[PDB]
Protein chains: 6
Amino acid sequence: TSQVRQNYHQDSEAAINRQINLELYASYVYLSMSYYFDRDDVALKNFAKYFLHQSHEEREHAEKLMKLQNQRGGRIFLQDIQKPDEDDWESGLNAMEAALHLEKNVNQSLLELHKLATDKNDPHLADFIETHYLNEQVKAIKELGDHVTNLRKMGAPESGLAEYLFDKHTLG
Amino acid sequence: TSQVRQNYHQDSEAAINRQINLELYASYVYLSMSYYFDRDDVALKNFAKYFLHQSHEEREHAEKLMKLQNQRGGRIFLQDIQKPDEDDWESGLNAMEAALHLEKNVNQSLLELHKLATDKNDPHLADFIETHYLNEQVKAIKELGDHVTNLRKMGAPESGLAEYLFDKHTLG
Amino acid sequence: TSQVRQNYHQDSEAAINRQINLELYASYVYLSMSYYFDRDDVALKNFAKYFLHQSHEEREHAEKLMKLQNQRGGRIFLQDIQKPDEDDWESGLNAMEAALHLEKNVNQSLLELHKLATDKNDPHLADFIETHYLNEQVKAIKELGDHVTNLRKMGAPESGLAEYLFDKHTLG
Amino acid sequence: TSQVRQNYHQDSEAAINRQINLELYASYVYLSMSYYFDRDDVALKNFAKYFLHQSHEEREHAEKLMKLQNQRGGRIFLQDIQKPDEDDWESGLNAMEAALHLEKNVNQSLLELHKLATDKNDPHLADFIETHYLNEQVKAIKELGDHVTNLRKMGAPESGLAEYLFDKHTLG
Amino acid sequence: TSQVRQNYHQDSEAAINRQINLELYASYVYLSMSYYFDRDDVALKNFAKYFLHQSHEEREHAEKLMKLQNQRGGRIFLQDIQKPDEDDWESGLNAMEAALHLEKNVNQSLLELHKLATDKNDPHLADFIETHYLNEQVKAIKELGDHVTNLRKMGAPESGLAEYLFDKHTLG
Amino acid sequence: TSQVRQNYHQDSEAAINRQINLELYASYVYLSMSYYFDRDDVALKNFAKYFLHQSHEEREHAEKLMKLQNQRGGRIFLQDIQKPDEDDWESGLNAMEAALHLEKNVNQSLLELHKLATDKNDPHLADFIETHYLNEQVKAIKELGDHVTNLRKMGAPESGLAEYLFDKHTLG
Ligand SMILES: [Ca+2]
Ligand SMILES: [Ca+2]
Ligand SMILES: [Ca+2]
Ligand SMILES: [Ca+2]
Ligand SMILES: [Ca+2]
Ligand SMILES: [Ca+2]
Ligand SMILES: [Ca+2]
Ligand SMILES: [Ca+2]
Ligand SMILES: [Ca+2]
Ligand SMILES: [Ca+2]
Ligand SMILES: [Ca+2]
Ligand SMILES: [Ca+2]
Ligand SMILES: [Ca+2]
Ligand SMILES: [Ca+2]
Ligand SMILES: [Ca+2]
Ligand SMILES: [Ca+2]
Ligand SMILES: [Ca+2]
Ligand SMILES: [Ca+2]
Ligand SMILES: [Ca+2]
Ligand SMILES: [Ca+2]
Ligand SMILES: [Ca+2]
Ligand SMILES: [Ca+2]
Ligand SMILES: [Ca+2]
Ligand SMILES: [Ca+2]
Ligand SMILES: [Ca+2]
Ligand SMILES: [Ca+2]
Ligand SMILES: [Ca+2]
Ligand SMILES: [Ca+2]
Ligand SMILES: [Ca+2]
Ligand SMILES: [Ca+2]
Ligand SMILES: [Ca+2]
Ligand SMILES: [Ca+2]
Ligand SMILES: [Ca+2]
Ligand SMILES: [Ca+2]
Ligand SMILES: [Ca+2]
Ligand SMILES: [Ca+2]
Ligand SMILES: [Ca+2]
Ligand SMILES: [Ca+2]
Ligand SMILES: [Ca+2]
Ligand SMILES: [Ca+2]
Ligand SMILES: [Ca+2]
Ligand SMILES: [Ca+2]
Ligand SMILES: [Ca+2]
Ligand SMILES: [Ca+2]
Ligand SMILES: [Ca+2]
Ligand SMILES: [Ca+2]
Ligand SMILES: [Ca+2]
Ligand SMILES: [Ca+2]
Ligand SMILES: [Ca+2]
Ligand SMILES: [Ca+2]
Ligand SMILES: [Fe+3]
Ligand SMILES: [Fe+3]
Ligand SMILES: [Fe+3]
Ligand SMILES: [Fe+3]
Ligand SMILES: [Fe+3]
Ligand SMILES: [Fe+3]
Ligand SMILES: [Fe+3]
Ligand SMILES: [Fe+3]
Ligand SMILES: [Fe+3]
Ligand SMILES: [Fe+3]
Ligand SMILES: [Fe+3]
Ligand SMILES: [Fe+3]
């Protein structure tokens with residue numbers, strides 16, 4: 001056993017490895033979305049910038065979980081990062097809806113991880129998840145919902161003018 | 001023969017003279033486009049500024065080729081600069097489409113020039129073209145494609161509101 | 001008729017289009033002269049800089065006429081820019097003499113344009129020409145005459161030392 | 001066909017998609033290496049920092065290829081990012097040797113890509129690879145070789161003192 | 001074989017060793033020229049400074065090739081640096097003509113090296129030569145040609161006044 | 001005879017030409033040593049920097065002797081710069097020992113030159129050698145001896161850790 005390990009259940013260690021993979025997955029989904037908006041036939045540069053920023057932030061989230069695993073004396077086991085479920089994200093609205101769905105799935109996983117931590121009487125892990133992940137997820141979901149609402153109300157995706165103006169005035 | 005001339009084929013020298021003319025031609029097309037948008041019945045001042053900038057940059061491109069000709073010991077032979085193929089460019093979208101077509105033609109000429117240089121084992125000329133022209137052409141073409149896509153998606157040219165807003169938010 | 005057009009004769013509009021072409025022509029002559037002095041077998045870099053500056057200023061003069069045409073509600077019709085009457089300008093003195101001849105021809109055209117404006121009772125156009133072109137032409141002609149005189153008195157073109165020293169001390 | 005596409009072969013487009021995956025793979029290998037050195041039973045924080053830096057730089061390399069694909073009018077098709085071939089990298093020396101092997105494999109792929117570009121007479125792509133990838137690979141390989149040599153000469157991996165001191169004085 | 005070596009032909013390695021010697025040779029020729037102009041019976045201090053600068057730059061060029069050899073995993077084999085073909089360089093004009101001849105010979109060698117690199121499908125080496133040597137050679141040759149032309153036109157070498165004034169106004 | 005020459009014996013002039021060659025030789029030995037330490041299988045970057053610095057300083061020493069020759073009205077006659085007596089310098093310790101041996105040989109030559117100057121009652125030359133060369137040689141020899149002693153005491157060359165640490169803490 002690692003000399004630092006204390007009050008850290010095998011199941012928690014495994015769940016942290018799964019969460020690392022999920023954050024890396026989310027980073028990859030956002031990378032895909034970003035460069036879709038960089039296509040010459042899509043050409044929404046602030047959508048592209050927005051999603052690239054999200055990609056980089058998800059990598060930071062994954063790295064912090066890798067740090068956590070080592071802090072607690074668990075051992076990192078990486079898995080393949082699955083490619084996303086689309087190559088063509090269709091529109092700004094559709095991408096925002098897919099991001100909302102992704103973030104709700106990441107949140108569900110984090111909530112299950114918190115539940116596990118508290119079932120295993122691991123208050124350090126539970127508060128790590130609280131403090132560094134749960135409110136960031138609520139904020140992310142709220143922002144994506146706000147963006148979806150605005151794009152819908154403006155007439156996206158059929159209005160390319162709506163997506164253009166949202167790109168300029170909200171994301172720029 | 002010029003005292004500086006070395007490894008510089010007659011055919012390359014001729015092709016550089018043709019390229020000088022083509023860059024000067026492109027400068028003139030953009031000058032024409034610029035002042036079309038300055039007309040009182042068109043009145044898109046950032047389209048005008050955009051194309052004037054492009055005009056001046058094309059002149060810089062031509063001057064650099066004239067410098068190259070002399071660097072290599074070739075001799076500059078200028079030809080008439082043909083007037084453009086339109087006097088009235090119709091709309092912001094139509095002008096952007098014509099600019100895209102122009103830039104692809106300039107690129108085709110540059111690619112043929114690179115091919116000539118490498119057929120004549122002139123690596124200085126090939127890398128001059130690479131380094132100073134080819135990526136600038138890819139960037140120019142990508143930008144014009146992006147602009148065309150946005151104007152189309154916004155509803156141009158029938159939407160004069162689309163062209164107005166693109167002028168303000170992309171070109172301004 | 002353009003909504004802005006007022007007191008602007010068809011003949012004046014045509015003459016402005018001709019003048020645009022002449023200023024663009026002068027720009028091209030000076031461009032040619034500039035790079036002649038950049039040849040390795042001529043190699044007078046301040047003659048080259050002088051004439052490149054003149055080239056760029058002539059383009060500014062043309063652009064201001066294009067602006068004028070649109071200000072008055074005329075319509076710009078561009079024509080080919082003829083290549084210059086020489087490829088090899090022979091010497092610094094000979095180029096200065098050709099520039100003097102060019103500027104006197106441009107001045108003659110501007111004077112005819114002023115005469116037309118006043119015959120058509122177009123005081124805006126007459127004072128535009130006065131204010132922005134006529135004294136600039138007198139200054140240009142005087143400077144070129146001064147340069148020709150100095151080069152002749154110094155012994156140019158047979159004295160390559162004269163042209164060298166004029167390049168350094170007058171044009172540098 | 002994309003409106004921007006010109007002189008861009010299907011095979012080149014496919015090879016760029018493969019290269020994107022390889023750069024993302026390299027980023028993941030370096031991420032794995034980094035956090036191995038963050039383990040409490042390894043505890044070489046400058047090895048960890050070094051490899052994290054490399055991870056982030058490889059992601060930048062991948063993003064630039066994604067930009068290139070879109071610049072040329074190709075279409076990005078992402079694939080899974082395979083997990084690395086080790087979970088436990090054994091030592092500082094062993095990790096540096098694995099990084100050297102990785103970088104030589106990435107270089108081999110880039111060289112094949114350059115060969116393809118030149119076989120398809122795509123000088124823009126060939127010079128993109130030259131300019132942005134090939135010398136960076138030679139530098140990376142040289143640095144890793146230098147590091148391997150020093151660690152070997154110092155007595156690594158059996159000397160944990162050697163790895164400690166290399167971490168402080170070369171990587172810190 | 002060196003652990004870093006990849007795609008680096010024996011013939012290329014040998015040619016780089018020859019090029020190192022040639023750049024060191026050029027450095028020595030320029031050193032000789034410099035101090036000729038420092039003689040009390042020659043006494044052209046800006047010719048001396050010009051050629052000393054060139055000497056030091058050629059040493060930098062040689063050092064960069066030595067770095068390249070090691071970057072690629074080749075092995076440096078130095079050879080004697082031959083003394084120059086003159087002790088007395090006769091005049092400023094004659095020295096400039098000898099420098100022009102030298103630089104054209106160095107260029108010829110670099111062009112053969114580029115040809116070798118591309119025959120051996122070594123795009124890193126070909127672009128190293130392009131990027132760091134070929135345009136620097138074209139610029140050097142153009143400058144020397146310009147200097148030769150001016151000195152000839154001014155009346156050198158028989159006019160010691162010409163050489164004096166060129167020393168002051170071009171090289172000073 | 002040169003108009004400046006006074007109290008300057010033919011033998012002294014010849015000895016200065018020999019000394020110029022010896023300083024250039026020393027510069028070349030140090031250049032060789034420098035890049036040996038830049039090899040990927042040697043990889044001691046501060047040894048490399050140290051010896052490159054010495055190379056450049058020896059060139060300065062040679063240039064000052066060339067200046068001296070001309071100051072006194074002697075005539076510079078350059079000779080080939082012999083390549084060094086090794087291609088592979090084996091180790092940091094071995095290179096330092098070879099440098100010590102070189103510097104003692106240069107010193108011996110300078111001492112013979114001083115003896116010649118004083119035998120020919122040339123106090124300017126004797127004090128030039130004193131003032132600009134003799135103490136610099138004593139300092140150089142002392143430093144190299146100090147370096148040799150430290151490397152020996154630390155366990156070089158068999159301890160690659162010793163050479164690594166000396167590179168960091170003495171030469172870095
Ligand atoms: Ca435990
Ligand atoms: Ca457990
Ligand atoms: Ca686990
Ligand atoms: Ca899969
Ligand atoms: Ca799927
Ligand atoms: Ca699917
Ligand atoms: Ca589907
Ligand atoms: Ca909050
Ligand atoms: Ca030739
Ligand atoms: Ca030919
Ligand atoms: Ca021609
Ligand atoms: Ca025509
Ligand atoms: Ca027509
Ligand atoms: Ca027509
Ligand atoms: Ca028509
Ligand atoms: Ca290149
Ligand atoms: Ca780019
Ligand atoms: Ca009217
Ligand atoms: Ca009328
Ligand atoms: Ca008209
Ligand atoms: Ca014509
Ligand atoms: Ca004619
Ligand atoms: Ca004629
Ligand atoms: Ca004629
Ligand atoms: Ca008035
Ligand atoms: Ca005045
Ligand atoms: Ca194509
Ligand atoms: Ca194809
Ligand atoms: Ca593909
Ligand atoms: Ca797998
Ligand atoms: Ca495995
Ligand atoms: Ca395995
Ligand atoms: Ca195994
Ligand atoms: Ca480098
Ligand atoms: Ca090889
Ligand atoms: Ca071989
Ligand atoms: Ca060899
Ligand atoms: Ca010899
Ligand atoms: Ca001889
Ligand atoms: Ca001889
Ligand atoms: Ca002879
Ligand atoms: Ca240049
Ligand atoms: Ca004497
Ligand atoms: Ca004597
Ligand atoms: Ca002698
Ligand atoms: Ca020898
Ligand atoms: Ca030997
Ligand atoms: Ca031997
Ligand atoms: Ca031996
Ligand atoms: Ca002292
Ligand atoms: Fe997020
Ligand atoms: Fe996340
Ligand atoms: Fe352009
Ligand atoms: Fe262009
Ligand atoms: Fe003028
Ligand atoms: Fe004018
Ligand atoms: Fe890397
Ligand atoms: Fe990479
Ligand atoms: Fe040079
Ligand atoms: Fe050189
Ligand atoms: Fe020394
Ligand atoms: Fe010395």
# chains A, B, ... in the order shown; residues from 1 in each chain; ligands from 1
>>> residues_around(residues="residue 112 in chain C", least_positions_apart="4", cutoff="12 Å", atoms="only C-alpha atoms", output="PyMOL selection string")
chain C and resi 11-12+15-16+18-19+105-108+116-119+126+129-130+134
>>> write_last_selection(atoms="C-alpha atoms", output="PDB file, in the first residue's frame")
ATOM      1  CA  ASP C  11     -17.806  66.124 -69.258  1.00  0.00           C
ATOM      2  CA  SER C  12     -16.248  66.813 -65.835  1.00  0.00           C
ATOM      3  CA  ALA C  15     -12.334  64.114 -67.310  1.00  0.00           C
ATOM      4  CA  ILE C  16     -11.987  62.929 -63.707  1.00  0.00           C
ATOM      5  CA  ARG C  18      -9.193  60.232 -67.385  1.00  0.00           C
ATOM      6  CA  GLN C  19      -7.240  61.965 -64.624  1.00  0.00           C
ATOM      7  CA  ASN C 105       2.230  66.358 -68.823  1.00  0.00           C
ATOM      8  CA  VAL C 106       0.217  65.616 -65.668  1.00  0.00           C
ATOM      9  CA  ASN C 107       0.130  69.352 -64.935  1.00  0.00           C
ATOM     10  CA  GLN C 108      -1.105  70.125 -68.447  1.00  0.00           C
ATOM     11  CA  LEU C 116     -13.260  72.589 -67.972  1.00  0.00           C
ATOM     12  CA  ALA C 117     -14.534  73.010 -64.433  1.00  0.00           C
ATOM     13  CA  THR C 118     -14.609  76.748 -64.759  1.00  0.00           C
ATOM     14  CA  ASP C 119     -16.222  76.588 -68.216  1.00  0.00           C
ATOM     15  CA  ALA C 126     -12.100  73.995 -59.725  1.00  0.00           C
ATOM     16  CA  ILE C 129      -8.050  70.869 -58.362  1.00  0.00           C
ATOM     17  CA  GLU C 130      -6.445  74.127 -57.184  1.00  0.00           C
ATOM     18  CA  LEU C 134      -2.009  72.461 -58.800  1.00  0.00           C
TER      19      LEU C 134
END
>>> residues_near_ligand(ligand="ligand 11", cutoff="8 Å", atoms="only C-alpha atoms and all ligand atoms", output="ChimeraX atom specification")
/B:10-11,13-17,74-77
>>> write_last_selection(atoms="C-alpha atoms", output="compact mmCIF listing (two decimals), in the first residue's frame")
# COMPACT_ATOMS: atom_id res chain seq x y z
CA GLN B 10 15.39 32.22 -68.21
CA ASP B 11 11.99 30.60 -67.80
CA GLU B 13 12.84 35.07 -64.84
CA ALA B 14 9.95 35.26 -67.33
CA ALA B 15 7.54 33.67 -64.87
CA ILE B 16 8.50 36.21 -62.21
CA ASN B 17 7.72 39.02 -64.67
CA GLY B 74 16.92 38.96 -63.77
CA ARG B 75 15.50 42.00 -65.54
CA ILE B 76 12.09 43.46 -64.85
CA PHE B 77 9.80 43.87 -67.87
>>> residues_near_ligand(ligand="ligand 57", cutoff="10 Å", atoms="only C-alpha atoms and all ligand atoms", output="list in words")
residues 23, 26, 27, 30, 51, 53, 54, 55, 56, 57, 58, 59, 61, 99, 100, 102, 103, 106, 133, 136, 137, 138, 139, 140, 141, 143 and 144 of chain D
>>> closest_atom_pairs(of="chain D", to="chain A", cutoff="7 Å", atoms="only C-alpha atoms", output="JSON lines")
{"residue": "D:35", "atom": "CA", "partner": "A:66", "partner_atom": "CA", "distance": 6.9}
{"residue": "D:38", "atom": "CA", "partner": "A:70", "partner_atom": "CA", "distance": 6.8}
{"residue": "D:39", "atom": "CA", "partner": "A:70", "partner_atom": "CA", "distance": 5.4}
{"residue": "D:40", "atom": "CA", "partner": "A:70", "partner_atom": "CA", "distance": 6.8}
{"residue": "D:66", "atom": "CA", "partner": "A:35", "partner_atom": "CA", "distance": 6.9}
{"residue": "D:70", "atom": "CA", "partner": "A:39", "partner_atom": "CA", "distance": 5.4}
{"residue": "D:77", "atom": "CA", "partner": "A:87", "partner_atom": "CA", "distance": 6.3}
{"residue": "D:78", "atom": "CA", "partner": "A:83", "partner_atom": "CA", "distance": 6.2}
{"residue": "D:79", "atom": "CA", "partner": "A:83", "partner_atom": "CA", "distance": 5.2}
{"residue": "D:80", "atom": "CA", "partner": "A:83", "partner_atom": "CA", "distance": 4.6}
{"residue": "D:81", "atom": "CA", "partner": "A:81", "partner_atom": "CA", "distance": 4.9}
{"residue": "D:82", "atom": "CA", "partner": "A:80", "partner_atom": "CA", "distance": 4.6}
{"residue": "D:83", "atom": "CA", "partner": "A:80", "partner_atom": "CA", "distance": 4.6}
{"residue": "D:87", "atom": "CA", "partner": "A:77", "partner_atom": "CA", "distance": 6.3}
>>> residues_around(residues="residue 89 in chain C", least_positions_apart="5", cutoff="8 Å", atoms="only C-alpha atoms", output="list in words")
residues 33, 36, 94 and 95 of chain C
>>> residues_around(residues="residue 164 in chain F", least_positions_apart="4", cutoff="12 Å", atoms="only C-alpha atoms", output="ChimeraX atom specification")
/D:146-147,149-155,162,165-166,169-170 /F:37,42-47,91-93,151,154-160,168-172
>>> residues_near_ligand(ligand="ligand 27", cutoff="7 Å", atoms="only C-alpha atoms and all ligand atoms", output="ChimeraX atom specification")
/D:5-9
>>> closest_residue(among="F:167, F:121, F:96, F:62", to="ligand 43", atoms="only C-alpha atoms and all ligand atoms")
F:121
>>> atom_distance(atom1="CA of residue 1 in chain A", atom2="atom 1 (Ca, counted along the ligand's line) of ligand 2")
10.5 Å
>>> atom_distance(atom1="CA of residue 163 in chain E", atom2="CA of residue 98 in chain E")
15.9 Å
>>> atom_distance(atom1="CA of residue 123 in chain D", atom2="CA of residue 115 in chain B")
8.4 Å
